[PDB]
Amino acid sequence: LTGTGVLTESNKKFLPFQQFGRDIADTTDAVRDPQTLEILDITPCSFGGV
Amino acid sequence: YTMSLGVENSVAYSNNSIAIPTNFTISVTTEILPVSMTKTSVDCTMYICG
Ligand SMILES: *[C@@H]1O[C@H](CO)[C@@H](O)[C@H](O)[C@H]1NC(C)=O
Ligand SMILES: *[C@@H]1O[C@H](CO)[C@@H](O)[C@H](O)[C@H]1NC(C)=O
Numbered sequence: 546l547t548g549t550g551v552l553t554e555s556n557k558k559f560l561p562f563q564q565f566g567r568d569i570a571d572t573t574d575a576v577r578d579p580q581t582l583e584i585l586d587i588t589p590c591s592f593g594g595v
Numbered sequence: 695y696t697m698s699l700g701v702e703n704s705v706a707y708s709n710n711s712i713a714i715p716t717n718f719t720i721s722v723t724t725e726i727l728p729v730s731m732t733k734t735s736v737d738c739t740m741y742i743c744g
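As you go down the protein sequences, you meet chains P and Y in turn.
Numbered continuously in UniProt numbering, the first sequence closes out at residue 595.
Numbered continuously in UniProt numbering, the second sequence closes out at residue 744.
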């Protein structure tokens with residue numbers, strides 16, 4: 546599962562079987578890290594008009 | 695039900711007679727109009743291609 550984003554800390558209540566979490570846009574918004582089972586927050590990395 | 699159009703009045707018309715108002719009310723009534731959408735923009739390139 547590739548991507549680019551801000552890997553923030555998370556408090557998200559992952560249930561034991563869950564591997565990752567999505568927001569409405571299919572955008573994966575959190576992951577259980579596969580090497581240590583901590584939950585990351587994939588916060589949006591900033592973009593805007595020039 | 696078949697809807698009511700309103701109170702089924704008839705005006706008490708005649709020649710040689712008139713109705714004149716003896717007293718009045720000031721009224722205050724709201725009217726609301728929209729003026730703006732939320733100014734929105736899409737980076738079509740980022741939206742399509744991530
Ligand atoms: C006006 O109304 C009167 C009754 O109040 C009636 O006698 C008369 O014929 C009417 N005249 C006209 C021009 O309508
Ligand atoms: C008009 O209506 C008000 C209602 O409070 C009343 O107090 C007042 O005496 C009336 N005035 C006239 C000129 O009829």
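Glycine included, C-beta positions come from ideal geometry on N, C-alpha and C.
Checklist line | Pair within 8 angstroms by beta-carbon distance, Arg577(P) and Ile587(P) | finding: no
Margin query: What does the Cβ neighbour count give for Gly566(P), buried or exposed, with the cut at 16 atoms within 10 Å?
Written below: buried
Notebook entry, point to check: Between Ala575(P) and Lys557(P), is the Cβ-Cβ spacing less than 8 angstroms?
Noted result: yes
Checklist line | By C-beta, the residues closer than 7 angstroms to any heavy atom of ligand 1, given in chain order | finding: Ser708(Y), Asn709(Y) and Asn710(Y)
Check: Any heavy atom of ligand 2 within a distance shorter than 7 angstroms of the CB on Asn717(Y)?
Finding: yes
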